Amino acid sequence: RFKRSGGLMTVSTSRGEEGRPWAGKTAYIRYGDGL
Amino acid sequence: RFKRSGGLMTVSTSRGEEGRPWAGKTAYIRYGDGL
Amino acid sequence: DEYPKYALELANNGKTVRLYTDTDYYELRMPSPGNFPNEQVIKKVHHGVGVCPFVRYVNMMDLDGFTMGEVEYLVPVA
């Protein structure tokens with residue numbers, strides 16, 4: 001009973017990938033006033 | 001018997017998301033009398 | 001209105017901030033983003049144009065202001 005929720009705990013699977021969510025954003029060159 | 005309803009209690013699941021229902025509403029600039 | 005009354009213009013180099021009044025050209029300095037030292041000498045130029053020389057290119061004409069672009073009106077669908 002003391003277990004959290006109804007006991008249907010899950011496991012987060014993965015496809016053997018780390019992920020780099022920055023390939024395409026850091027190529028932008030600042031063309032403004034630096035704000 | 002004393003349990004609420006018929007005993008078919010449910011659990012609210014989620015997709016691991018918090019939710020920010022304000023990305024697009026606060027960008028509006030007041031163009032009126034401030035009413 | 002056809003032309004504005006007081007307009008503050010910031011140059012694209014982030015060094016000079018100018019205010020456009022009716023018939024004078026006020027010029028200031030912007031060394032850092034957020035300071036306005038008083039030691040600098042304010043430049044006033046009397047060119048002569050009459051009213052403030054700015055024309056607004058309003059996207060859509062509305063009877064109660066509320067001017068909006070074509071990118072804000074379709075944010076939720078995108």
# chains A, B, ... in the order shown; residues from 1 in each chain; ligands from 1

$ calpha_fit_and_write --fixed "chain A" --moving "chain B" --output "JSON list (two decimals) with C-alpha atoms, in the first residue's frame"
[["chain", "number", "residue", "atom", "x", "y", "z"],
["B", 1, "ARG", "CA", 0.02, 0.02, -0.03],
["B", 2, "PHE", "CA", 2.78, 2.47, 0.92],
["B", 3, "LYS", "CA", 4.25, 2.23, -2.59],
["B", 4, "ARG", "CA", 3.84, 5.39, -4.66],
["B", 5, "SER", "CA", 0.91, 5.50, -7.11],
["B", 6, "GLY", "CA", -0.67, 2.14, -7.98],
["B", 7, "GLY", "CA", 2.64, 0.29, -8.27],
["B", 8, "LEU", "CA", 2.79, 0.60, -12.07],
["B", 9, "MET", "CA", 6.24, 2.15, -12.08],
["B", 10, "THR", "CA", 7.96, 2.53, -15.45],
["B", 11, "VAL", "CA", 11.53, 2.46, -16.75],
["B", 12, "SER", "CA", 12.89, 5.07, -19.16],
["B", 13, "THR", "CA", 14.38, 3.30, -22.18],
["B", 14, "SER", "CA", 16.73, 4.75, -24.79],
["B", 15, "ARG", "CA", 18.04, 3.93, -28.26],
["B", 16, "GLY", "CA", 21.70, 4.17, -27.22],
["B", 17, "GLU", "CA", 21.88, 7.89, -28.00],
["B", 18, "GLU", "CA", 23.20, 10.81, -25.94],
["B", 19, "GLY", "CA", 21.81, 13.79, -27.87],
["B", 20, "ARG", "CA", 23.38, 17.17, -28.68],
["B", 21, "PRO", "CA", 20.64, 19.84, -28.93],
["B", 22, "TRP", "CA", 23.10, 22.55, -29.98],
["B", 23, "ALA", "CA", 24.25, 21.59, -33.51],
["B", 24, "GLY", "CA", 22.80, 24.53, -35.42],
["B", 25, "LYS", "CA", 22.20, 27.17, -32.75],
["B", 26, "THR", "CA", 25.76, 28.27, -31.93],
["B", 27, "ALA", "CA", 26.54, 29.02, -35.60],
["B", 28, "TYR", "CA", 24.55, 32.27, -35.35],
["B", 29, "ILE", "CA", 26.72, 35.40, -35.32],
["B", 30, "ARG", "CA", 25.63, 38.37, -33.20],
["B", 31, "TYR", "CA", 24.53, 41.10, -35.63],
["B", 32, "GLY", "CA", 22.90, 43.44, -33.10],
["B", 33, "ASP", "CA", 23.83, 45.65, -30.15],
["B", 34, "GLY", "CA", 24.68, 42.74, -27.84],
["B", 35, "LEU", "CA", 21.45, 42.96, -25.83]]

$ interface_residues --of "chain C" --to "chain A" --cutoff "8 Å" --atoms "only C-alpha atoms" --output "PyMOL selection string"
chain C and resi 12-14+33

$ write_last_selection --atoms "C-alpha atoms" --output "PDB file, in the first residue's frame"
ATOM      1  CA  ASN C  12      22.502  49.907 -34.895  1.00  0.00           C
ATOM      2  CA  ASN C  13      26.109  50.203 -33.665  1.00  0.00           C
ATOM      3  CA  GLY C  14      25.037  50.589 -30.025  1.00  0.00           C
ATOM      4  CA  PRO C  33      23.964  49.197 -22.280  1.00  0.00           C
TER       5      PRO C  33
END

$ atom_distance --atom1 "atom CA of residue C:58" --atom2 "atom CA of residue C:45"
29.0 Å

$ select_by_dssp --residues "chain C" --states "strand (DSSP E)" --output "VMD selection string"
chain C and resid 7 to 10 17 to 20 25 to 27 43 to 45

$ write_last_selection --atoms "N, CA and C atoms" --output "mmCIF file, in the first residue's frame"
data_model
loop_
_atom_site.group_PDB
_atom_site.id
_atom_site.type_symbol
_atom_site.label_atom_id
_atom_site.label_comp_id
_atom_site.auth_asym_id
_atom_site.auth_seq_id
_atom_site.Cartn_x
_atom_site.Cartn_y
_atom_site.Cartn_z
ATOM 1 N N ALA C 7 10.280 60.915 -30.375
ATOM 2 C CA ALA C 7 10.759 59.597 -30.766
ATOM 3 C C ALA C 7 12.198 59.423 -30.307
ATOM 4 N N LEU C 8 12.494 58.261 -29.730
ATOM 5 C CA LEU C 8 13.841 57.904 -29.304
ATOM 6 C C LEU C 8 14.382 56.846 -30.256
ATOM 7 N N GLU C 9 15.509 57.145 -30.894
ATOM 8 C CA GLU C 9 16.115 56.260 -31.880
ATOM 9 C C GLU C 9 17.462 55.776 -31.369
ATOM 10 N N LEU C 10 17.700 54.473 -31.479
ATOM 11 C CA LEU C 10 18.962 53.858 -31.093
ATOM 12 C C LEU C 10 19.682 53.373 -32.344
ATOM 13 N N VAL C 17 22.622 57.215 -29.020
ATOM 14 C CA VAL C 17 21.176 57.226 -28.839
ATOM 15 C C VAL C 17 20.689 58.646 -29.091
ATOM 16 N N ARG C 18 19.731 58.792 -30.003
ATOM 17 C CA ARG C 18 19.257 60.098 -30.433
ATOM 18 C C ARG C 18 17.764 60.233 -30.172
ATOM 19 N N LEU C 19 17.348 61.444 -29.810
ATOM 20 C CA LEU C 19 15.947 61.779 -29.603
ATOM 21 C C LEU C 19 15.526 62.796 -30.654
ATOM 22 N N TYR C 20 14.402 62.534 -31.315
ATOM 23 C CA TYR C 20 13.927 63.361 -32.422
ATOM 24 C C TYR C 20 12.740 64.188 -31.940
ATOM 25 N N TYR C 25 17.743 68.129 -33.460
ATOM 26 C CA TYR C 25 18.332 66.797 -33.565
ATOM 27 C C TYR C 25 19.189 66.564 -32.322
ATOM 28 N N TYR C 26 18.600 65.914 -31.321
ATOM 29 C CA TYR C 26 19.312 65.613 -30.086
ATOM 30 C C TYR C 26 20.143 64.348 -30.262
ATOM 31 N N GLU C 27 21.403 64.404 -29.836
ATOM 32 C CA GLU C 27 22.323 63.282 -29.963
ATOM 33 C C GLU C 27 22.984 63.014 -28.620
ATOM 34 N N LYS C 43 24.505 66.958 -28.091
ATOM 35 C CA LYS C 43 24.574 67.648 -29.372
ATOM 36 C C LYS C 43 23.169 67.960 -29.865
ATOM 37 N N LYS C 44 22.923 69.230 -30.180
ATOM 38 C CA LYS C 44 21.647 69.683 -30.719
ATOM 39 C C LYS C 44 21.889 70.272 -32.099
ATOM 40 N N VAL C 45 21.221 69.717 -33.107
ATOM 41 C CA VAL C 45 21.361 70.154 -34.490
ATOM 42 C C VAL C 45 20.004 70.639 -34.978
#

$ atom_distance --atom1 "atom CA of residue C:54" --atom2 "atom CA of residue C:22"
10.7 Å

$ residues_around --residues "residue C:39" --least-positions-apart "4" --cutoff "12 Å" --atoms "only C-alpha atoms" --output "list in words"
residues 28, 29 and 35 of chain C

$ write_last_selection --atoms "N, CA, C and O atoms" --output "mmCIF file, in the first residue's frame"
data_model
loop_
_atom_site.group_PDB
_atom_site.id
_atom_site.type_symbol
_atom_site.label_atom_id
_atom_site.label_comp_id
_atom_site.auth_asym_id
_atom_site.auth_seq_id
_atom_site.Cartn_x
_atom_site.Cartn_y
_atom_site.Cartn_z
ATOM 1 N N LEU C 28 23.028 61.740 -28.229
ATOM 2 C CA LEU C 28 23.689 61.339 -26.993
ATOM 3 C C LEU C 28 24.687 60.223 -27.266
ATOM 4 O O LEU C 28 24.948 59.886 -28.427
ATOM 5 N N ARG C 29 25.251 59.643 -26.210
ATOM 6 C CA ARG C 29 26.230 58.575 -26.331
ATOM 7 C C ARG C 29 25.764 57.348 -25.557
ATOM 8 O O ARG C 29 25.103 57.462 -24.521
ATOM 9 N N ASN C 35 23.740 52.899 -19.087
ATOM 10 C CA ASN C 35 24.261 54.069 -18.392
ATOM 11 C C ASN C 35 24.191 55.287 -19.305
ATOM 12 O O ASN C 35 24.418 55.184 -20.513
#

$ atom_distance --atom1 "atom CA of residue C:5" --atom2 "atom CA of residue C:46"
16.2 Å
